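> Just passing along the structure, written as structure tokens.
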Amino acid sequence: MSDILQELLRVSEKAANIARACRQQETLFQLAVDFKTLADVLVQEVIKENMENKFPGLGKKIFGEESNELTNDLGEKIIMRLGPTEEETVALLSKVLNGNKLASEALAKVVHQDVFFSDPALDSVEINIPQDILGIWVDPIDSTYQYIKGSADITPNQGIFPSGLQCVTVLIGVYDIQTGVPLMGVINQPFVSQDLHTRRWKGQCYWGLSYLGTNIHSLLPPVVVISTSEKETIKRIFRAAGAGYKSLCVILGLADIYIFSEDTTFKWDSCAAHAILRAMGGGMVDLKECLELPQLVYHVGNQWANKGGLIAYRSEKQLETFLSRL
Ligand SMILES: [Gd]
Ligand SMILES: [Gd]
């Protein structure tokens, strides 16, 4: 599914463009009217539509944390369907934004904008996966709170950002419908490095593939350590915002373990990161099951919450080392 994965890298950067666009443009920045739900519902639809456009029959296999439905200020329930032309999308968004024409024409231009983001490494890869066995968990913009606050001035504690826009991630995971094993995953940090003078944000994309014993993943920059959420309350540890980011810390090797005790993460939070951690010999396990190892499945519903928490590990040896102490 390299051709599918290659296409998922594009829409992830297209999703990042929308995420960056809303914050960086005054009309969309200044924004009853729940903008974030709109920003989420829009990004997940753009991914859903673009993949159905390039691979017919994937549209109905793409699941996410948002619906394709928004309730405007009047109480009118609008089915978020974009295109086919740019004009149609402006008429749709104006029905949501009470007839804000400047904001509607702003989003539409970024949504229909072409992006040609292509890894030369993955062009060399020719892997075929049957499309009939694929299911996709999308998280449009993970760390919704941090995205809205928009802190560009946070100093990281030993490589790990406790808060800020660095914690915001676009998560796209692909899994096996029958076995429930994660196969492919894309993570896009829209906000990584901001130039102080031009105020522009540069992002960073990561991916991984684990299909029938073939394991490949994006080139990782160089340079136990445990990461937990800011609301964590169970017994060298770091606080860090965002589910997807804390998972990316394990992938980058900034942290050795990421443990979450509560049941308030779902399939769309973990799936993307899992597939990548799988491609590096690691993975994710049910915490409560380990305390009494098994991997997380993404095909059956408990509904779609990872009940009994999780542990995200890079090395199964480091997992045993950590599980020994506790
Ligand atoms: Gd989200
Ligand atoms: Gd999330």
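Chain A is numbered as in Swiss-Prot; shown residues: 1-31, 46-237, 263-274, 284-340, 349-358, 366-389, in order.
How was it done? The header gives X-ray crystallography, 3.2 Å.
Heads up, the Cβ atoms here are built off N, Cα and C, so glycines get one too.
Swiss-Prot feature annotations, pasted as is:
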type    : residues                                             : note
BINDING : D54, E80                                             : Li(+) binding site
BINDING : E79, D153, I155                                      : Mg(2+) 1 binding site
BINDING : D153, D317                                           : Mg(2+) 2 binding site
BINDING : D156, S157, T158, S268, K270, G290, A291, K294, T312 : 1D-myo-inositol 1,4-bisphosphate binding site
MOD_RES : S318                                                 : phosphoserine
> Of the recorded positions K270, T312, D317, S318, which one has its Cα closest to the Cα of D153 (Mg(2+) 1 binding site)?
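In terms of Cα distance, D153 (Mg(2+) 1 binding site) lies closest to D317.
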> Inside 8 A of the center formed by the CB atoms of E79, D153, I155, which other residues of the chain have their CB, for the recorded Mg(2+) 1 site?
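Those within range, site residues removed, are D54, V57, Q58, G78, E80, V152, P154, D156, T158, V184, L185, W316.
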> Across the 9-residue break in this deposited model, measure the distance from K274 to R284 using their CA atoms, rounded to a whole number of Å.
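It comes to 13 Å between the two flanking Cα atoms.
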> Through the lens of DSSP with three states only, how would you label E79 (Mg(2+) 1 binding site)?
coil
> Under DSSP, is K270 (1D-myo-inositol 1,4-bisphosphate binding site) part of a helix or a strand, or is it coil?
coil
> Over the residue list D156, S157, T158, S268, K270, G290, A291, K294, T312, recorded for 1D-myo-inositol 1,4-bisphosphate, what is the maximum interresidue Cα distance in Å?
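For the residues that bind 1D-myo-inositol 1,4-bisphosphate, the greatest Cα distance is 16 Å.
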> Just need one number: Cα of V237 to Cα of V263, in Å, whole number, across 25 unmodelled residues.
15
> Could you give the Cα distance in Å between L31 and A46, the residues bounding a stretch of 14 unmodelled residues?
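Distance between the Cα of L31 and the Cα of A46: 11 Å.
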> Show, in sequence order, which residues other than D156, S157, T158, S268, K270, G290, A291, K294, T312 on the same chain lie with their Cβ within 8 Å of the centre of the Cβ atoms of the 1D-myo-inositol 1,4-bisphosphate site.
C181, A289, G292, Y293, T313, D317
